[PDB]
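There are 2 protein chains.
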Amino acid sequence: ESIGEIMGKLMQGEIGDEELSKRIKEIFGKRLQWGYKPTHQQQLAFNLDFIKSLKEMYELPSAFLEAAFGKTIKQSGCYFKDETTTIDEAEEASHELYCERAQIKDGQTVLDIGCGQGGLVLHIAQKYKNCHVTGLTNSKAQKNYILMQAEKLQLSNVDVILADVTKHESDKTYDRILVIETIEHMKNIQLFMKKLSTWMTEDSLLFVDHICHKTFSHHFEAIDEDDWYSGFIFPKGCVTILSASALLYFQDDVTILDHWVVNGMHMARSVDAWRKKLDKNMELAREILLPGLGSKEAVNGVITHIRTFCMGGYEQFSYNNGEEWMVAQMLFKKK
Amino acid sequence: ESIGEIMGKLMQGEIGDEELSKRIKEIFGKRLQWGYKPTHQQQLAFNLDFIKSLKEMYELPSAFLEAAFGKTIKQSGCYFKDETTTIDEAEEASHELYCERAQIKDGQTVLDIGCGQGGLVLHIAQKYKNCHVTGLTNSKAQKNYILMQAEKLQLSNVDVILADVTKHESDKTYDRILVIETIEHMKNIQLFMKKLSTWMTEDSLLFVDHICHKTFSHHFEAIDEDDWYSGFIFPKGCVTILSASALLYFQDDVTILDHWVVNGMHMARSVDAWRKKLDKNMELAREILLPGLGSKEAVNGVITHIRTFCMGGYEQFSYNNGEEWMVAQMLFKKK
Ligand SMILES: C[S@@+](CC[C@H](N)C(=O)[O-])C[C@H]1O[C@@H](n2cnc3c(N)ncnc32)[C@H](O)[C@@H]1O
Ligand SMILES: C[S@@+](CC[C@H](N)C(=O)[O-])C[C@H]1O[C@@H](n2cnc3c(N)ncnc32)[C@H](O)[C@@H]1O
Ligand SMILES: COc1ccc(C[C@@H]2c3cc(O)c(OC)cc3CCN2C)cc1O
Ligand SMILES: COc1ccc(C[C@@H]2c3cc(O)c(OC)cc3CCN2C)cc1O
Numbered sequence: 011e012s013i014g015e016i017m018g019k020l021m022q023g024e025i026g027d028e029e030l031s032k033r034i035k036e037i038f039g040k041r042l043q044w045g046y047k048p049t050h051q052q053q054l055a056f057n058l059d060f061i062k063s064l065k066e067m081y082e083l084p085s086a087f088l089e090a091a092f093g094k095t096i097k098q099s100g101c102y103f104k105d106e107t108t109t110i111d112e113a114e115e116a117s118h119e120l121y122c123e124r125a126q127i128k129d130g131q132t133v134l135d136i137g138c139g140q141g142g143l144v145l146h147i148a149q150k151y152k153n154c155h156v157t158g159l160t161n162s163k164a165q166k167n168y169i170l171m172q173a174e175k176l177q178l179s180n181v182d183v184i185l186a187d188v189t190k191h192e193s194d195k196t197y198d199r200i201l202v203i204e205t206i207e208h209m210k211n212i213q214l215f216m217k218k219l220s221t222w223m224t225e226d227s228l229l230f231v232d233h234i235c236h237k238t239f240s241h242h243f244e245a246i247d248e249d250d251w252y253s254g255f256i257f258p259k260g261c262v263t264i265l266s267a268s269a270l271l272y273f274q275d276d277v278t279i280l281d282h283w284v285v286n287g288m289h290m291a292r293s294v295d296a297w298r299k300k301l302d303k304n305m306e307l308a309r310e311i312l313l314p315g316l317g318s319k320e321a322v323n324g325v326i327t328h329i330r331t332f333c334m335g336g337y338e339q340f341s342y343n344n345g346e347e348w349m350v351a352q353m354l355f356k357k358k
Numbered sequence: 011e012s013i014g015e016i017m018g019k020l021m022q023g024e025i026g027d028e029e030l031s032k033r034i035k036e037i038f039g040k041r042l043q044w045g046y047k048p049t050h051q052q053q054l055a056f057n058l059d060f061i062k063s064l065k066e067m081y082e083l084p085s086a087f088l089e090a091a092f093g094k095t096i097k098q099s100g101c102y103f104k105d106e107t108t109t110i111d112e113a114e115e116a117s118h119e120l121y122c123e124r125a126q127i128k129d130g131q132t133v134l135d136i137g138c139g140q141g142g143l144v145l146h147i148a149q150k151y152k153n154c155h156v157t158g159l160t161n162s163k164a165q166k167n168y169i170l171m172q173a174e175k176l177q178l179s180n181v182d183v184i185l186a187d188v189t190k191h192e193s194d195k196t197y198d199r200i201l202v203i204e205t206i207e208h209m210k211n212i213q214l215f216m217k218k219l220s221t222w223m224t225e226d227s228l229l230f231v232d233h234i235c236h237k238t239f240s241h242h243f244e245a246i247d248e249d250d251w252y253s254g255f256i257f258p259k260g261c262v263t264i265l266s267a268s269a270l271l272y273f274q275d276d277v278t279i280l281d282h283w284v285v286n287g288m289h290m291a292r293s294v295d296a297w298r299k300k301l302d303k304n305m306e307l308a309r310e311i312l313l314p315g316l317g318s319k320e321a322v323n324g325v326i327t328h329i330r331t332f333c334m335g336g337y338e339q340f341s342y343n344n345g346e347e348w349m350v351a352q353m354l355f356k357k358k
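Protein chains in written order, with PDB author numbering: chain A, 11 to 67, 81 to 358; chain A', 11 to 67, 81 to 358. A prime marks a further copy of an entry chain.
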């Protein structure tokens with residue numbers, strides 16, 4: 011059975027959830043076989059080879088995003104205390120977790136790199152009125168969304184830089200730099216960390232959160248021709264999953280102070296909530312998308328892609344009860 | 011059964027090898043239970059707590088050493104290609120491995136910190152005639168042994184600094200600094216690495232080899248009152264076993280370039296060879312030691328201590344076919 015055939019059934023909604031989950035789980039299982047080595051000697055050889063290789067290197084309407092994601096449209100792993108924690112609660116708990124671990128205090132200048140729909144920017148600005156909070160995003164629609172939300176919430180301490188972070192040049196420095204699940208998109212990590220350090224003083228802290236595997240790194244791409252999923256979700260070679268310790272090898276310009284991981288069931292519950300909410304709001308979602316997409320068929324395609332991303336994310340992050348893929352967090356100061 | 015009673019039988023040679031091995035293996039088994047956590051989240055919490063805590067912190084005659092150790096009296100893990108590799112061959116292979124991984128080239132200035140009986144110093148000096156090689160040791164007997172060996176081998180490119188490395192002050196810099204199983208004795212690691220960096224230029228490399236556990240760190244000390252072994256071998260709290268990745272968190276002043284581990288069976292074969300050679304030369308050893316120790320009883324005590332160290336080391340490093348305790352190696356440049 012070919013890719014084309016599976017992709018055919020998928021688009022027609024002819025693959026039931028149980029089969030879909032089973033297929034994607036199998037794909038991730040093969041990644042685990044690829045990544046785990048027989049000895050720690052071989053594991054480190056494989057991991058260092060990956061790290062060395064690194065060193066040589081239409082937007083959805085906001086009404087749709089609001090129908091699929093939680094209240095602040097957080098697009099990153101959330102934190103669920105209880106089985107009954109709602110996605111809105113989990114967003115807030117995640118925001119609070121970042122503020123604790125990044126040691127945010129009232130009065131600081133704060134920069135949020137790849138701020139998305141600005142949930143974290145708005146959270147910090149509201150909770151700490153004397154902080155000035157800057158979000159940086161490459162999306163004009165995101166910038167406009169954040170500035171509108173700041174206005175509605177009577178926040179006067181928010182600004183947004185519209186920039187490709189890899190191209191952004193400034194001599195401005197910040198007390199705190201936050202990077203929440205943005206580094207996975209960075210083509211040049213050593214260069215990224217170097218640039219961040221130039222936006223820091225000796226008093227600054229840098230907090231990074233990234234999806235990881237606990238043991239090994241990999242690009243998010245097909246191992247083989249049986250893998251229809253990876254290239255469906257990310258049709259570009261644009262996402263890297265670092266191991267939980269990979270960034271320890273990128274301390275040319277910054278120095279680690281603390282390091283944590285959050286078990287993958289938190290991420291799994293996040294994507295599950297998004298999937299369920301999208302399913303609940305399916306009719307509304309299709310109506311919102313139709314104008315901008317042009318046909319019900321193109322609508323179905325965008326919906327299939329997002330829903331499959333959630334179904335696949337579930338299998339990835341829940342694997343072995345959250346103990347394979349998870350979220351890594353690190354705190355650094357400038358050299 | 012009390013410590014005193016086991017220590018009593020041990021000293022009298024009333025514990026056979028099989029029972030001795032079994033007892034020590036059990037002790038290490040309990041350390042593994044202590045060190046492995048149920049989730050990577052908890053593992054990292056435990057490991058970072060250890061790293062944070064670190065940041066707040081009569082000699083045997085040479086004739087005896089020659090009867091127990093290999094030809095160059097290497098007192099560190101060796102490297103065995105074959106099951107029939109002799110300890111002398113394994114010493115040389117280990118020396119060569121260090122030269123490759125530390126990128127030693129003819130003409131460099133080289134410093135070997137805690138050089139022991141100087142096997143590595145002599146190896147480099149002989150193989151690279153244009154290198155100047157300095158060993159640093161806190162032992163007058165070691166210094167004298169190395170200088171005598173250099174004279175006999177017609178080596179003109181060797182010097183030895185007699186110093187406590189933690190107290191040594193100098194503005195001299197070196198192209199290469201080697202630290203072979205010395206860091207385990209360092210009370211202040213952040214301070215040690217800082218000092219080393221002041222002896223480096225922008226062109227220098229630092230190579231560190233240390234016994235490790237692949238997953239977690241621990242001091243070499245008793246967990247409980249059932250552990251008669253740890254405090255017998257090291258009656259002081261003077262030895263730390265870092266995890267294979269612990270030094271990645273000590274990059275304030277140096278930056279990692281490469282990282283390896285050597286499976287623990289190499290160390291196990293090393294201590295096995297020492298134990299067997301001592302056993303072979305037992306009568307001679309007792310004769311050599313008697314003058315300086317004063318009684319056959321004090322002789323037996325020193326021999327029991329060394330032999331047990333080997334028997335225990337065997338169980339530690341061979342555990343799970345070398346995949347628990349092993350040797351970590353790292354290459355750094357100066358910030
Ligand atoms: C996984 S989302 C995380 C968004 C936000 N941090 C959150 O937690 O909801 C990563 C974000 O990085 C942004 N991004 C990716 N590459 C970027 C670049 N080169 N410059 C700026 N932003 C970028 C994307 O547009 C996206 O909003
Ligand atoms: C495990 S032995 C390794 C010896 C040698 N590198 C080898 O591979 O055979 C560690 C050595 O470090 C030395 N040492 C320990 N603490 C020291 C200190 N503060 N200053 C200098 N040498 C020290 C000990 O005397 C011992 O020779
Ligand atoms: C960090 O990896 C990723 C980075 C970006 C994306 C796309 C981004 C995104 C990122 C997430 O991490 C995520 O929750 C997992 C959900 C979403 C929703 C779609 N939005 C545009 C997906 C990823 O899987
Ligand atoms: C690195 O831990 C240690 C450091 C120093 C010692 C003492 C030192 C030594 C160190 C070794 O690593 C070793 O081979 C394992 C053998 C020997 C022989 C005795 N000599 C004086 C023992 C250790 O176990």
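Yeah, the Cβ is synthetic: ideal placement off N, Cα and C, and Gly gets one too.
Determine, for residue i, whether the minimum Cβ-Cβ distance to residues of chain A' falls below 9 Å.
i, result
"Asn286 (chain A)", "yes"
"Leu271 (chain A)", "yes"
"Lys237 (chain A)", "yes"
"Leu42 (chain A)", "no"
"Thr49 (chain A)", "yes"
"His282 (chain A)", "yes"
"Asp275 (chain A)", "yes"
"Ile326 (chain A)", "no"
"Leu58 (chain A)", "yes"
"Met349 (chain A)", "yes"
"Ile279 (chain A)", "yes"
"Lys35 (chain A)", "no"
May I ask you to check if the CB of residue i is nearer than 8 Å to at least one heavy atom of ligand 2?
i, result
"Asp187 (chain A')", "yes"
"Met349 (chain A')", "no"
"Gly142 (chain A')", "yes"
"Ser193 (chain A')", "no"
"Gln177 (chain A')", "no"
Any heavy atom of ligand 3 within a distance shorter than 8 Å of the CB on residue i?
i, result
"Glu244 (chain A)", "no"
"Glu204 (chain A)", "yes"
"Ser253 (chain A')", "no"
"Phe355 (chain A)", "no"
For chain A, check one thing: does any of its Cβ atoms lie closer than 9 Å to the Cβ of residue i?
i, result
"residue 412 (chain A')", "Nothing can be reported for residue 412 (chain A'): it is not among the residues displayed for chain A', which extend from 11 to 358."
"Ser268 (chain A')", "yes"
"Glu346 (chain A')", "yes"
"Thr331 (chain A')", "no"
"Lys358 (chain A')", "yes"
Once you ignore the five residues that flank residue i on each side, which residues in its own chain have a CB closer than 7 Å to its CB?
i, result
"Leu143 (chain A)", "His118, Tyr121, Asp135, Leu201 and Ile203"
"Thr327 (chain A)", "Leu20 and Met21"
Beta carbon of residue i, beta carbon of residue j: below 9 Å?
i, j, result
"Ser220 (chain A)", "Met288 (chain A)", "no"
"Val181 (chain A')", "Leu170 (chain A')", "yes"
"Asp276 (chain A')", "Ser99 (chain A')", "no"
"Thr196 (chain A)", "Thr160 (chain A)", "no"
"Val322 (chain A)", "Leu307 (chain A)", "no"
"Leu301 (chain A')", "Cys261 (chain A')", "no"
"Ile13 (chain A)", "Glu248 (chain A)", "yes"
"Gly317 (chain A')", "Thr205 (chain A')", "no"
Is the closest heavy atom of ligand 1 to the C-beta of residue i under 8 Å?
i, result
"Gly137 (chain A)", "yes"
"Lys97 (chain A)", "yes"
"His155 (chain A)", "no"
Give every residue of the same chain whose Cβ lies closer than 6 Å to the Cβ of residue i, excluding the five residues on either side of it in the sequence, and list them in chain order.
i, result
"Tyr252 (chain A)", "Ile34, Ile37 and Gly335"
"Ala351 (chain A)", "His233, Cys235, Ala267 and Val284"
"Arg292 (chain A')", "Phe103"
Go through its chain and collect everything with a Cβ distance to residue i's Cβ below 8 Å, but skip five positions before and after it.
i, result
"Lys152 (chain A')", "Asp129 and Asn180"
Under 8 Å from any heavy atom of ligand 4, does the C-beta of residue i make it?
i, result
"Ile37 (chain A')", "no"
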